[PDB]
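Chemist: This one's a deposited entry, sequence included:
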Amino acid sequence: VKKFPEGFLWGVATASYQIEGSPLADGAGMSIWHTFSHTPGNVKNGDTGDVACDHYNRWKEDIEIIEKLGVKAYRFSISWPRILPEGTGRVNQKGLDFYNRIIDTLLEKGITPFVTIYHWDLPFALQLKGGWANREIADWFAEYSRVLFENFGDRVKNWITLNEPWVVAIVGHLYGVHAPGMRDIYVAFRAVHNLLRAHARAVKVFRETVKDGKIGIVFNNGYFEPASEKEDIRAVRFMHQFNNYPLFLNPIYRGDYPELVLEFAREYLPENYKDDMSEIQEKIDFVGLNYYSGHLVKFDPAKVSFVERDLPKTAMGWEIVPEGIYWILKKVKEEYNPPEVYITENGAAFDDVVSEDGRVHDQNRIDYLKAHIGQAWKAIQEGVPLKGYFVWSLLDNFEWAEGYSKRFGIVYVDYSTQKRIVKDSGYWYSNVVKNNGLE
Ligand SMILES: O=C1NC[C@H](CO)[C@@H](O)[C@@H]1O
């Protein structure tokens, strides 16, 4: 039996563009994920977010599912272009209405709302002005955040500025695999910097407008291990500092980028980037870590490449390494000692099938989840201030450049009918929540 602290927060997480559909409904502006996925070749099978889980219409049934499961928290994001169709200026009341109904329903049902201000669907209108490459996005992002705070901060008390800013910067602007689909290393590192400035402006606005709430920021993380006791160990140190929370938490807590990031990337950062660091250290209330996989790494003349290992993998091909989530929780306490931590995403893609009995027998997902929750429990016993854990995802959804081909939900979605079928893993997680732990 592994029981968690009294009042520990069990949740599920989604993102607006992955589940909503109806991206241009009720006066919404286009986002960069709309234009990116409507460009041939960018997304597997030409899939887009036009329909997705149709959550834009089915939101009440989805929340009734969260309730029925006994889940105590719901992490969801707001589409910036639904709220401000040109990114700044005009506010769309029907966009506010859509989220106001979700927020009120959650509160009525006693589910704690965790709102992600930005989960990758930037207004297209702002991308035309350079998007995350433009220093002015710090102002645009502050104006957007202020609207949300003024409108929803009476009810939502837990906020997240950014989801996975490393991915937004590097996968969007260096690898070109995500919107807005660019390949320019100087743009990518300017986006890193501007994401930090915008995050800090939003926190500053939060302190004036929501005097009783808490605000944090969410990072993707991998557990990197070296391919030899040899350059190899440093390559691993590099990957942690670049790919994990330190790229952002070193600025936030210590006022400069991490050592090995500066070594690799100094030339790509704005010349006087240090001028902004005083403002970047704006105090945050919590750190959200996302976590999925482990990676064997070696030096390879970013002077790093991955080595495949004969470990169990998910449908993404991500090696399953549960001790990574213990490692990243311990490491964040050890390096920056944040006052609170949340695991804001943990989950797995498996090739789910509805059996003849009408059920989805995803023991593989149960096994994955159980092992990572066990490792999180361990971190708590050893003093990590972990306040909550969020499963990615409530629903199968639009998995970015993989489209609908990858299923992460604990609830199955039949896209031909939009029917939801709770999977074995969802039933299993519900029991974990009720018992406040494992057994
Ligand atoms: O925030 C996220 N991180 C990784 C998930 C699985 O790839 C993704 O679906 C989600 O948007």
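Modeler: That came through, no problem. Numbers count the residues shown, from 1 in each chain.
Chemist: Quick one: classify the closest residue to residue 244 other than its chain neighbours as helix, strand or coil.
Modeler: Spatially, and ignoring its direct neighbours in sequence, residue 244 is nearest to residue 221 (4.6 Å; C-beta to C-beta, 6 or more residues apart in numbering). Every C-beta, even on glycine, is put in place using the N, C-alpha and C of the backbone. Assigned state for residue 221: coil (three-state reduction, DSSP: H, G, I helix; E, B strand; the rest coil).
Chemist: swap in the one 3 residues further on?
Modeler: Recorded secondary structure, residue 224: strand (three-state DSSP).
Chemist: Help me confirm that it comes into contact with residue 295.
Modeler: Yes: with contact defined as C-beta atoms under 8 Å, residue 224 and residue 295 form a contacting pair (5.1 Å).
Chemist: quick one: common contacting residues for the two?
Modeler: Contact criterion C-beta atoms under 8 Å, 6 or more residues apart in numbering; residues shared by residue 224 and residue 295: residue 239.
Chemist: Next, the contact list for the residue nearest to residue 244, please.
Modeler: 243-245, 289-291, 324, 328.
Chemist: near the ligand too, which of those residues?
Modeler: residue 290 (C-beta under 6 Å from any ligand atom).
Chemist: Identify the residue spatially nearest to the spatially most central residue of the chain, adjacent ones excluded.
Modeler: For the chain, the residue nearest the mean C-alpha position is residue 163 (4.0 Å; C-alpha atoms, centre = their mean). Once flanking residues are discounted, residue 163 sits nearest to residue 119: 4.3 Å by C-beta to C-beta, 6+ apart.
Chemist: Double-check that neighbour against residue 16; I have them as touching.
Modeler: Yes: Residue 119 lies in contact with residue 16 (C-beta under 8 Å); the separation is 6.2 Å.
Chemist: and for those two, which residues touch both?
Modeler: By the contact definition C-beta under 8 Å, 6+ apart, residue 119 and residue 16 are jointly contacted by residue 77.
Chemist: quick one, helices of the stretch 251-400 of the chain?
Modeler: Secondary structure of the stretch 251-400 of the chain (DSSP state H, counting those that start in this stretch): helices located at 259-265, 277-280, 323-336, 363-381.
Chemist: Just put the ones you listed in CSV and tack on mean neighbour count.
Modeler: Formatted as CSV, these follow (neighbours: other C-beta atoms under 10 Å):
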stretch, mean neighbour count
helix 259-265, 16
helix 277-280, 16
helix 323-336, 19
helix 363-381, 19
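Chemist: count of residues packed around residue 439?
Modeler: Neighbourhood size, residue 439 [other C-beta atoms under 10 Å]: 8.
Chemist: State the distance from the closest residue to it other than its chain neighbours to residue 431.
Modeler: The shortest distance from residue 439 to any non-neighbouring residue, by C-beta to C-beta, 6+ apart, is to residue 1 (4.7 Å). Noted for residue 1: a distance of 13 Å to residue 431, by C-beta to C-beta, to the nearest Å.
Chemist: Up against the ligand, what does the stretch 301-439 of the chain have?
Modeler: Within the stretch 301-439 of the chain, the positions near the ligand by C-beta under 6 Å from any ligand atom are 345, 392, 399, 408.
Chemist: So which of those belong to strands?
Modeler: Cross-referencing those against strands under DSSP state E gives 345, 392.
Chemist: quick one: which of the residues of the stretch 301-439 of the chain next to the ligand is nearest residue 85?
Modeler: Set against residue 85, the nearest of these by C-beta to C-beta is residue 399 (26.1 Å).
Chemist: Wait, that closest one touches residue 409, no?
Modeler: No: here residue 399 does not reach residue 409: they are 10.3 Å apart, not a contact under C-beta under 8 Å.
Chemist: neighbour-wise, which of the two wins?
Modeler: Neighbours per residue (other C-beta under 10 Å) separate residue 399 from residue 409, with residue 409 holding more: 29 against 20.
Chemist: residues in contact with the more buried one?
Modeler: Contact analysis of residue 409 by C-beta under 8 Å, 6+ apart lists 393-397, 423, 426.
Chemist: hang on, the earlier thing: the residues of the stretch 301-439 of the chain next to the ligand: which two are farthest apart?
Modeler: Spanning the widest gap among those are 345 and 399, at 12.8 Å by C-beta to C-beta.
Chemist: ok, longest helix in the chain?
Modeler: For the chain, the helix with the greatest residue count under DSSP state H is helix 185-209.
Chemist: circling back: phi first, then psi, for the residue nearest to residue 163.
Modeler: For residue 119, the backbone dihedrals are phi -120, psi 50 (criterion: degrees, to the nearest 10).
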